[PDB]
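Undergrad: I am attaching a structure below and will ask some questions about it afterwards.
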Amino acid sequence: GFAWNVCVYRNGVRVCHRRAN
């Protein structure tokens, strides 16, 4: 699969998402 959770700090909060490249 392509399940890589890219967690980033957006306006203070760390948000995790799956990079759909």
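Just so we're on the same page: first chain in the structure tokens is A, next is B, and so on; residues restart at 1 for each chain, and ligands are numbered from 1 in the order they show up.
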Please, which residues of chain A, numbered as in this document, come out strand (DSSP E or B) from DSSP, as a ChimeraX atom specification?
TA: /A:5-10,13-18
Undergrad: Please provide as number ranges by chain all residues within 10 Å of residue 21 of chain A, with the sequence filter that same-chain residues fewer than 2 positions apart are discarded (counting only C-alpha atoms).
TA: A: 2, 18-19
Undergrad: If we count only C-alpha atoms, what is near residue 5 of chain A at a cut-off of 12 Å, once residues fewer than 6 positions away on the same chain are taken out, given as an mmCIF file with C-alpha atoms, in the first residue's frame?
TA:
```cif
data_model
loop_
_atom_site.group_PDB
_atom_site.id
_atom_site.type_symbol
_atom_site.label_atom_id
_atom_site.label_comp_id
_atom_site.auth_asym_id
_atom_site.auth_seq_id
_atom_site.Cartn_x
_atom_site.Cartn_y
_atom_site.Cartn_z
ATOM 1 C CA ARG A 14 0.086 18.009 14.873
ATOM 2 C CA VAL A 15 -2.126 16.602 12.148
ATOM 3 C CA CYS A 16 -1.586 13.161 10.650
ATOM 4 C CA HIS A 17 -2.589 12.298 7.100
ATOM 5 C CA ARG A 18 -1.833 9.719 4.443
ATOM 6 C CA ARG A 19 0.243 11.195 1.622
ATOM 7 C CA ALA A 20 -1.624 10.323 -1.551
#
```
